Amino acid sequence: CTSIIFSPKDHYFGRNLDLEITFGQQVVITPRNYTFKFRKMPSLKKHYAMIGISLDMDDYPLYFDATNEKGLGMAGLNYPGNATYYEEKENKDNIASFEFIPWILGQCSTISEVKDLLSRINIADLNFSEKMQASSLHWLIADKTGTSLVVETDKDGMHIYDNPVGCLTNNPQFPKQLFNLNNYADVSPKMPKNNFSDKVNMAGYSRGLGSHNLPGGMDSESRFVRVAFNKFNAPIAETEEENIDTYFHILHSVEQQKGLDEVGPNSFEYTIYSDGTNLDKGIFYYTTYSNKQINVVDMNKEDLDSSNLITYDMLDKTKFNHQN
């Protein structure tokens, strides 16, 4: 998985979901008066409305990532082997990992409010069902000022980090992931100087040689570096159409192509989908692996005061434009 906030003019937040199998995701809008039930907290009977990609299990939205009507966004990305969910604490809001996105996006409008709410939270070891055991996740949270932060629940407790580069992938823990970027200071959009020796003729035989050491791999660290390079060198435009086009080139640059990340016999982790929300306008965009026409769901064209889930199918089939 890869998640970014991209702030050329308006602010766009979203992620690639990298898994080996698709099973029942939809675009889900949760309106303000849908009651969020919590295992160990009183229900949120009214809350901010939100939109994202989710499973719908027994009428409950298990969000992979979402954005609320105040321009606050949040995404849960795989964090295998690192994620720890804790015992219940008598002095904290005990919130399950699968309840984390509704808890936060339903109650908070800014990063500062997120931090305040997190000062009272305990991400607790609670499973949705015996069938659906909890996934191992860490979270990227960003708001429409362009500020972002990272939440990791490690063995020695929960850690919260300001995110100066506004990107997140998977393992390792954010301090190591962020520091690894320092090793790529010389990766450049421009041709290199001959620093090797002026007594040797270095021929600039290919445009693009500046990025010769850009990681191309499917792994977590390679995608973090690659998405950071793409994000901070992408062009800035004035229109919505241009900036969302650029946004999807950023995420598609770290797409996991089928066959390249093999996790088992004929089993391949790949980018199921790419989404992005205009945090300033509440507009949800997505592409899928097989359908890279941009699909648009406008949260503001729904009745956000209603009390039941609003669902749209993810258009995940190849759609061709036949010019005859």
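Don't overthink the numbering: it's just position in the shown sequence, from 1.
- Stretches compared: 288-296, 22-30. Higher mean C-alpha B-factor in the entry: 22-30.
- Higher mean CA temperature factor between 130-138 and 230-238: 130-138, per the PDB entry.
- The maximum CA B-factor among the listed residues 154, 116, 221, 162, taken from the PDB record, is found at 116.
- Compared with the other modelled residues of the chain, the Cα B-factor recorded for residue 98 ranks in the highest third.
- Annotation for residue 69: CA B-factor lies in the middle third of the chain's modelled residues.
- The deposited CA B-factor of residue 256 belongs to the lowest third of values across its chain.
- Ranked by Cα temperature factor within the chain, residue 203 sits in the highest third according to the deposited record.
- In the deposited entry, the Cα temperature factor of residue 266 places it in the highest third of its chain's modelled residues.
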